[PDB]
A.B. asks: 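To start, I am sharing the structure in question, which I have written as C-alpha cells.
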Amino acid sequence: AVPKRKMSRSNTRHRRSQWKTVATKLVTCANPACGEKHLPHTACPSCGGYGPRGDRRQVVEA
Amino acid sequence: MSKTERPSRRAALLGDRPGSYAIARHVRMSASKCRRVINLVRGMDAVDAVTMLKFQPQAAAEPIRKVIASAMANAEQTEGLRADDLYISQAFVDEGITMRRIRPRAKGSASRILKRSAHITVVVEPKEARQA
Amino acid sequence: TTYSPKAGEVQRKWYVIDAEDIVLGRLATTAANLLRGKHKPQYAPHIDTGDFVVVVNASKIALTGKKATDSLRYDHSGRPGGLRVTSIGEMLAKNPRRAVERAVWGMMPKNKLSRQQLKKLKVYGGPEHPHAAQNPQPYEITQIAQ
Amino acid sequence: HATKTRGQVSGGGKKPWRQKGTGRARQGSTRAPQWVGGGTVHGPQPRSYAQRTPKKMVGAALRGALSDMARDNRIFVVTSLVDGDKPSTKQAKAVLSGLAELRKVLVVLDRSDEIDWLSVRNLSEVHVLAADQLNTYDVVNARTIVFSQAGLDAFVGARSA
Amino acid sequence: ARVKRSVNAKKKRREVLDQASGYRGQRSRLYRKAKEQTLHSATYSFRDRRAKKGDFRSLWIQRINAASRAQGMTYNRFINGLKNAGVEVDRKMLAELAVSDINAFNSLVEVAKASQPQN
RNA sequence: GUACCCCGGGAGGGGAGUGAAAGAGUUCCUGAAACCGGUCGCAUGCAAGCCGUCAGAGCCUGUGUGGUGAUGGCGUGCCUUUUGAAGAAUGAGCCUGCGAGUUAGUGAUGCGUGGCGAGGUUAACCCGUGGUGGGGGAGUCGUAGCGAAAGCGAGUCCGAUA
RNA sequence: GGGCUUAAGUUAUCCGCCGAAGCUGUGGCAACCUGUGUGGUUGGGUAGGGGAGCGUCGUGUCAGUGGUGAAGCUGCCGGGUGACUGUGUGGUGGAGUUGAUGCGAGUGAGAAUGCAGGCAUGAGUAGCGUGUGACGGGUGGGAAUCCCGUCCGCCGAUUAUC
Ligand SMILES: [Mg+2]
Ligand SMILES: [Mg+2]
Ligand SMILES: [Mg+2]
Ligand SMILES: [Mg+2]
Ligand SMILES: [Mg+2]
Ligand SMILES: [Mg+2]
Ligand SMILES: [Mg+2]
Ligand SMILES: [Mg+2]
Ligand SMILES: [Mg+2]
Ligand SMILES: [Mg+2]
Ligand SMILES: [Mg+2]
Ligand SMILES: [Mg+2]
Ligand SMILES: [Mg+2]
Ligand SMILES: [Mg+2]
Ligand SMILES: [Mg+2]
Ligand SMILES: [Mg+2]
Ligand SMILES: [Mg+2]
Ligand SMILES: [Mg+2]
Ligand SMILES: [Mg+2]
Ligand SMILES: [Mg+2]
Ligand SMILES: [Mg+2]
Ligand SMILES: [Mg+2]
Ligand SMILES: [Mg+2]
Ligand SMILES: [Mg+2]
Ligand SMILES: [Mg+2]
Ligand SMILES: [Mg+2]
Ligand SMILES: [Mg+2]
Ligand SMILES: [Mg+2]
Ligand SMILES: [Mg+2]
Ligand SMILES: [Mg+2]
Ligand SMILES: [Mg+2]
Ligand SMILES: [Mg+2]
Ligand SMILES: [Mg+2]
Ligand SMILES: [Mg+2]
Ligand SMILES: [Mg+2]
Ligand SMILES: [Mg+2]
Ligand SMILES: [Mg+2]
Ligand SMILES: [Mg+2]
Ligand SMILES: [Mg+2]
Ligand SMILES: [Mg+2]
Ligand SMILES: [Mg+2]
Ligand SMILES: [Mg+2]
Ligand SMILES: [Mg+2]
Ligand SMILES: [Zn+2]
C-alpha cells in the first residue's frame with residue numbers, strides 16, 4: 001500500500017509529538033565522600049561503589 | 001535604513017537581561033533527533049542538565065551537554081554568574097546544511113539519502129529570572 | 001445594530017409540565033420551544049436563552065389511534081443484526097424518559113447547542129420530581145386564538 | 001539582437017527517453033522550449049526598423065518644425081563664428097551672446113568649414129549639422145538654430161520654390 | 001528587451017496570501033491553495049451579504065412573534081393590525097422595541113388589537 | 001581573512017580586535033517563498049468539519065484597532081474535457097525560477113490615422129564616410145470598359161449594322 | 001425527520017402571514033437612445049466579436065531625484081469600479097532611479113504525467129546485503145565495532161597459496 005494523500009500538518013504533528021524520551025532520573029550517591037549522581041541500582045561511575053552508607057562495596061575500579 | 005542598535009543574538013535572546021548563551025552550528029546530527037533531547041533539557045537547572053545528559057542514552061545528549069557547558073562558561077566569564085545558580089532559560093534546534101547522497105537499490109534504482117545537520121542554541125540565565 | 005444576548009444575560013427559569021393525558025406531539029413541541037427559548041423576545045439561535053423543563057407523569061402520556069402498539073422506535077448498535085425495536089407504549093411503560101427525550105430531540109435542531117439544551121429536559125414517569133430546590137413553576141399548554 | 005531556437009541550440013538531437021512506460025511526460029528533445037537551456041520560442045531576431053516615409057511627408061515635417069520656431073523667433077544667422085585659427089572659447093561666446101545653451105548650428109560647407117565645425121564640435125549642448133542634413137528630429141530637439149550665412153544660403157538654394 | 005517576471009508576479013501573490021491570512025493548513029501558506037479558497041470566500045461573501053437581509057428579517061420576526069404572543073396575539077394578526085392601523089414601523093424597529101421598550105411594544109400590540117377587523 | 005583570552009578533542013560558539021558596516025567572517029553583496037523551529041496571545045479533549053462565509057458571546061489587547069473564536073445559519077475543491085463532473089473521469093506533492101500567437105515580405109485583403117491628390121509612389125543604385133538627409137519615376141497602382149480574340153469603345157459582347 | 005387522527009390527513013370556503021438576487025424604497029456605478037432643461041431603456045453569461053485600461057522591462061525628450069540612502073525585500077496605516085496602488089510611515093539594504101509624454105517588447109503563469117533547483121509527505125517508518133563470538137588488558141576527549149593477549153567457533157579441492 002501507498003499513502004494516498006499528503007498528511008496534513010495537524011495529523012503529522014499529532015503523530016510526531018509522541019516520538020519522545022523520558023529524562024533519566026539519577027540518584028545521589030550514598031557515599032558522603034562522593035555525593036555524585038548515578039543511576040538507581042547501579043554502581044556510581046565516580047566513586048565506583050555500591051550499597052548504603054555502611055556497606056559501600058567497590059564495584060568499578062574507576 | 002541601516003544605522004545603530006544593529007541586531008545581535010544576545011539582544012534577541014536576552015535583551016539587557018543577565019545571562020549568556022552558546023550556539024553549536026553544523027552539528028552532524030538530525031534536527032529532530034536533537035530536539036528529542038532539547039525538549040527534555042529545556043527549563044532545567046544547568047548543572048542538573050549537564051549531569052543528566054552525562055547519563056542520557058541518546059547520542060544527541062553529548063553535543064547538547066557540551067553546548068550547555070559552553071553557555072555556562074560564557075555566563076561565568078562575562079557576567080560573573082556562578083554555574084550553580086544558572087538555569088536553561090531557552091533551548092532550541094534549527095536545521096543546518098543537508099547533504100544529498102545516493103543509496104543503490106534493487107533493479108538499478110538509486111534512492112536519495114539525506115544527511116542532515118542541526119544548530120543548537122542554549123540560553124542560560126540566573127535562577128532569580130525564573131519568576132520574572 | 002440588532003440586539004444580541006451576552007452569555008448569561010438572559011436568566012433561565014424552571015418550568016414543570018404535567019404530561020397527564022397530554023398528547024406526545026404537543027408535549028414535545030412545547031418542550032422544544034421552552035428549551036430553546038422561542039417564547040422570549042431575547043431569543044438568539046447561537047446563545048442558549050431557553051428554560052429548564054421538568055416533565056412529570058410521562059408514563060401517562062396520551063397516544064391516539066393504535067400508536068401505543070403500532071408506532072415503533074428503532075435503535076441500531078452499528079453491527080450486523082444490531083437492530084432493536086420497541087413500541088412507544090412499551091417504551092412509555094419501561095423508560096418514559098427515553099421516549100420523551102427522543103421526541104424532543106427529533107423536534108429540536110441538529111446542533112451542538114441543541115445537544116447541550118436537551119440536557120435541560122428532566123423527564124420523570126411518575127408524578128413526583130426531585131427538583132423542589134430549583135422551584136419549578138407549573139406550565140400549561142395553551143393556544144392563542146386566531 | 002538574436003536568440004537561438006530549439007533547432008539552433010546545441011545538442012538535443014535524440015528523444016530523451018521512450019514515449020511510454022517511464023512515467024515521465026512525453027519529451028522529444030532536451031532543447032525543447034519548455035526545458036531549461038532549451039530554445040527560445042519567439043525571441044528577437046536581427047532586423048531593420050527603417051520606415052519608408054514618403055519624401056513629401058519627411059520634407060513637410062521638416063518645414064513645419066523649422067517654421068514653428070521661426071514664428072517663435074529662434075533662428076539667428078551669423079556670418080561665421082571664430083576668426084583665423086579656431087578655438088571653442090570664441091564660439092561659446094558668440095552663441096552665449098546669441099541666447100541660451102541648447103543649440104543647433106548650421107555650417108553646410110561639407111568639405112572645408114573646419115573652423116566653425118571643429119569650434120562648435122565639443123560644446124555638448126550644441127548640435128552641428130550641414131544644411132543638407134537638417135532633419136526633423138534635430139530641428140525639433142533644438143531650442144534655437146543658428147545658421148551660418150553660407151549654411152542658410154545653401155539650404156535655401158538646395159530647396160526653394 | 002528581456003523581462004523578468006518576478007517583480008510583477010509577486011504582487012497578486014502577496015494580495016491573495018494577505019486575503020487568506022486566517023485560513024487553516026495550506027490555505028494560508030500556499031498561493032495556489034489560498035487562491036482557490038478566496039474564490040469560494042468571495043462567492044460565499046456575495047451570497048451571504050444578500051442572505052443577511054433575510055436572516056435578520058427572520059430574527060426580527062421571531063422576536064416580534066415571541067413578544068406579541070406574550071400578549072396573546074400571534075405575529076400575523078399583529079402585523080395585519082399594524083397595517084390596518086396605518087403604523088409603518090418596520091420589522092427591526094419593532095424587534096428593538098420588543099427587546100428594549102417592552103411597554104411601547106405592548107402599546108403597539110394594543111393598537112393592533114384595536115385595529116383588528118374583529119371578524 | 002579575526003592577534004590574544006575562555007568553554008570544547010575538535011567543530012562551533014563567547015569576549016576582544018580590524019572595518020563605515022562582521023547579522024559583510026570566506027557556505028562571506030542583497031537574502032524572497034516553500035520548509036523547520038523557540039517564545040507570547042486566544043481557541044481546542046461530547047466532537048461528523050471542500051475547512052470557508054454571514055451572524056456572534058467570551059478572552060487578550062487597546063499600539064482604543066487589532067488578534068483569537070465558543071456557538072448559530074448557509075455551503076460538495078481547481079483545471080481540463082463534457083449532454084452532464086464535488087465527482088469514484090484527466091492533471092497538479094510544495095514553493096521559487098523558467099515555459100506558448102512571434103518575425104520577415106516596396107505578399108494578399110480590411111480598418112484607423114497621416115501625407116499628397118487626378119494623381120500617388122519609388123526599387124536597385126548614386127551622394128552624404130556626416131545619420132535618420134538628398135537624388136533616382138526604371139517600374140507600379142489610379143486614369144474605360146466590353147470581348148476568346150482581331151477589335152470596338154461609353155459602350156461592348158451574343159445577334160441579322162436586329 | 002420528529003411526530004400527527006384531540007390532524008399537524010383529504011376536501012370546499014373565508015381571514016391573515018411567511019417567503020427570491022422578482023417588484024418597490026433609498027444611495028453609488030455604467031452602456032445606449034433622445035429632443036439635448038428632462039427623461040427613457042438597459043447592464044447573468046461559456047465559445048466568440050467589439051471597446052477601454054493596469055503592471056513589468058528597455059528607450060527619445062523634458063523635469064528631475066539619490067550615501068541627509070536608489071533598487072530589491074519586508075511591516076504598518078491608507079486609496080481606487082478592476083488589473084492594482086500612496087507624493088503615508090517604519091525596518092532591512094547599499095547604487096541607482098521617479099513623474100510627464102511618446103517609442104519598442106524575450107510584457108504578466110496554477111495546471112502541459114511541462115523543465116531546473118530547493119523542500120515537505122510517507123517517517124524517525126522499511127532496510128543496514130548468508131554467519132559466532134566471549135573476555136582480560138591497552139590506547140583515547142570518546143571503544144560492542146581499533147590494537148594486544150587468552151579462550152571459543154568457522155573455512156580447508158578452499159574463507160589457503162601463486
Ligand atoms: Mg487521526
Ligand atoms: Mg524604502
Ligand atoms: Mg546492477
Ligand atoms: Mg537538432
Ligand atoms: Mg521528434
Ligand atoms: Mg542556451
Ligand atoms: Mg417560529
Ligand atoms: Mg557612511
Ligand atoms: Mg543585515
Ligand atoms: Mg548560503
Ligand atoms: Mg548573505
Ligand atoms: Mg467541551
Ligand atoms: Mg449530519
Ligand atoms: Mg460521456
Ligand atoms: Mg478527481
Ligand atoms: Mg475523491
Ligand atoms: Mg480520459
Ligand atoms: Mg496524479
Ligand atoms: Mg508544475
Ligand atoms: Mg515609365
Ligand atoms: Mg430582497
Ligand atoms: Mg432587481
Ligand atoms: Mg429599486
Ligand atoms: Mg455584461
Ligand atoms: Mg439582469
Ligand atoms: Mg468570451
Ligand atoms: Mg544630491
Ligand atoms: Mg531596474
Ligand atoms: Mg515612461
Ligand atoms: Mg513570456
Ligand atoms: Mg510559479
Ligand atoms: Mg507520477
Ligand atoms: Mg523537480
Ligand atoms: Mg520527513
Ligand atoms: Mg520505534
Ligand atoms: Mg507505517
Ligand atoms: Mg514498524
Ligand atoms: Mg526493522
Ligand atoms: Mg550479517
Ligand atoms: Mg560484526
Ligand atoms: Mg584478536
Ligand atoms: Mg571446522
Ligand atoms: Mg581430501
Ligand atoms: Zn559515588
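Chain letters run A, B, ... following the sequence lines, proteins first and then strands; every chain starts at 1.
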A.B. asks: Are C:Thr64 and C:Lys67 linked by a side-chain donor-acceptor pair shorter than 3.5 Å?
C.D. replies: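 C:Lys67 and C:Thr64 do have a side-chain donor-acceptor pair below 3.5 Å.
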
A.B. asks: I'd like to know if the side chain of C:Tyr3 pairs up with that of C:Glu9 as donor and acceptor (distance under 3.5 Å, no hydrogens or angles considered).
C.D. replies: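 The criterion, which ignores hydrogens and geometry beyond distance, is satisfied for C:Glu9 and C:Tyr3.
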
A.B. asks: Any N or O donor-acceptor pair under 3.5 Å from the base of G:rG60 to the side chain of D:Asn141?
C.D. replies: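 Per atom types, no contact qualifies.
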
A.B. asks: Rounding to an integer number of angstrom, what distance separates G:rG102 and G:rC54 when you compare their P atoms?
C.D. replies: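 Pairwise P distance, G:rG102 against G:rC54, rounds to 12 Å.
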
A.B. asks: Can you tell me whether the base of F:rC141 sits syn or anti, using the 90° cut around 0 to define syn?
C.D. replies: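 The base of F:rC141 is oriented anti (glycosidic angle more than 90° from 0).
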
A.B. asks: Evaluate the stacking of G:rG45 against G:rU46, requiring that the six-membered ring centres lie under 5.5 Å apart and that the ring planes differ by under 30 degrees.
C.D. replies: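 The answer, once centre distance and plane angle are checked, is that they do not stack.
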
A.B. asks: Looking only at atom P, what distance separates F:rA123 and F:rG136, rounded to whole Å?
C.D. replies: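 That atom pair is separated by 13 Å.
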
A.B. asks: Quick test of your reading: by the Watson-Crick or G-U wobble rule with a 3.5 Å threshold, is G:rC151 paired to G:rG27?
C.D. replies: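 No pair, by the stated definition.
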
A.B. asks: Nearest to the side chain of D:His42 - F:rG13, F:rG128, F:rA100?
C.D. replies: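 Closest of the options to the side chain of D:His42: F:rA100.
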
A.B. asks: Looking only at side-chain atoms of B:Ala22, point me to the closest of F:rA32, F:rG131, F:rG13.
C.D. replies: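 My answer, after comparing the listed nucleotides, is F:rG13.
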
A.B. asks: E:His40 side chain: which of G:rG106, G:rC84, F:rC78 is closest?
C.D. replies: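 Of the options given, the side chain of E:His40 lies nearest F:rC78.
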
A.B. asks: Under 3.5 Å, is there a donor-acceptor pair linking the side chains of B:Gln58 and B:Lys33?
C.D. replies: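 No, no side-chain donor-acceptor contact under 3.5 Å.
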
A.B. asks: Between neighbours G:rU139 and G:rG140, do the six-membered base rings sit under 5.5 Å apart with planes under 30 degrees?
C.D. replies: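 The answer, once centre distance and plane angle are checked, is that they stack.
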
A.B. asks: Taking the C1' atom of each, how far is F:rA138 from F:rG130, in whole Å?
C.D. replies: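 It comes out at 29 Å once rounded to the nearest Å.
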
A.B. asks: Under 4.0 Å from OP1 or OP2 of G:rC115: is there any side-chain N or O of D:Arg31 that close?
C.D. replies: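 Answer is no, no contact under 4.0 Å.
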
A.B. asks: Considering only F:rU122, G:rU121, G:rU5, which nucleotide approaches the side chain of C:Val23 most closely?
C.D. replies: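 Of F:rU122, G:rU121, G:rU5, G:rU5 is nearest to the side chain of C:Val23.
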
A.B. asks: Syn or anti: how is G:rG35 classified when any glycosidic angle within 90° of 0 counts as syn?
C.D. replies: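 Nucleotide G:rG35 adopts anti.
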
A.B. asks: Is the base of F:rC5 stacked on the base of F:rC6, judged by six-membered ring centres under 5.5 Å apart and planes under 30° apart?
C.D. replies: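 Judged on centre distance and plane angle, the pair counts as stacked.
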
A.B. asks: Stacking between F:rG107 and F:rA108, judged by six-membered ring centres under 5.5 Å and planes under 30°?
C.D. replies: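 Yes, both criteria hold.
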
A.B. asks: Do D:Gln34 and D:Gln27 have side-chain N/O donor and acceptor atoms under 3.5 Å apart?
C.D. replies: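 Yes, a side-chain donor-acceptor pair sits under 3.5 Å.
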
A.B. asks: For the adjacent pair G:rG66/G:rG67, please state whether the pyrimidine-type six-membered rings satisfy a centroid distance under 5.5 angstrom and an interplanar angle under 30 degrees.
C.D. replies: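 Not stacked, because at least one condition fails for the base rings of G:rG66 and G:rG67.
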
